[PDB]
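A.B. asks: take this sequence and fold it.
(2 chains)
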2 protein chains.
Amino acid sequence: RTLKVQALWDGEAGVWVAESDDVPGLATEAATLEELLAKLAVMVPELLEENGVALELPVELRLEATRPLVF
Amino acid sequence: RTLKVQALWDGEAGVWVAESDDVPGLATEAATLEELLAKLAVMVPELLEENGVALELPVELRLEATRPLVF
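C.D. replies: Numbering: from 1, shown residues only, chains lettered A, B, ... in the order given. Shown next is the structure:
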């Protein structure tokens, strides 16, 4: 169904890093969130096949980025 | 707590558009997801105050972007 993937900002390395509890062996990053999305679109299917898929279709990727709010 | 905000890609207008069921009167977009985040960091608090807040702290903003997966 929906595969939640977190994008964590790594200021030191200047890149967003993908992390997912729904996607096995996911290890990828990119300078921008757009590029991270692009890369994910390719890698995620592959990783799901290489591993025991077991997914309900059609599957969508939800890239999440969190920011702390100041009041 | 966590305020979920969706970023919807508008290819025609060349911008990501913010949409939120947790944040009142949210109307904003930006050419990139980074900029959309930046803009949100400022506007969201403001909109929450101007309206009946009623939030548990500390509050974090979760920007979500969905992409359909092809197999």
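
A.B. asks: can you tell me which residues in chain A are near chain B?
C.D. replies: A:2-3, A:32-34, A:37, A:40-41, A:44-45, A:48-49, A:57-71 (CB under 8 Å from any CB of the partner chain). For the C-beta atoms, the positions are set from N, CA and C on the backbone; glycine is no exception.

A.B. asks: restricted to strands, list these.
C.D. replies: Judged by DSSP state E, the subset of those located in strands is A:2, A:3, A:60, A:61, A:62, A:63, A:64, A:65, A:66, A:67, A:68.

A.B. asks: for residue B:28, state which of the residues you listed is nearest.
C.D. replies: residue A:67 (14.0 Å; CB to CB).

A.B. asks: give me the neighbour count for the closest one.
C.D. replies: As a burial measure, residue A:67 scores 17 neighbours (other CB atoms under 10 Å in any protein chain shown).

A.B. asks: wait, it sits on residue B:63?
C.D. replies: Yes. Under the criterion of CB atoms under 8 Å, residue A:67 makes contact with residue B:63 at 7.0 Å.
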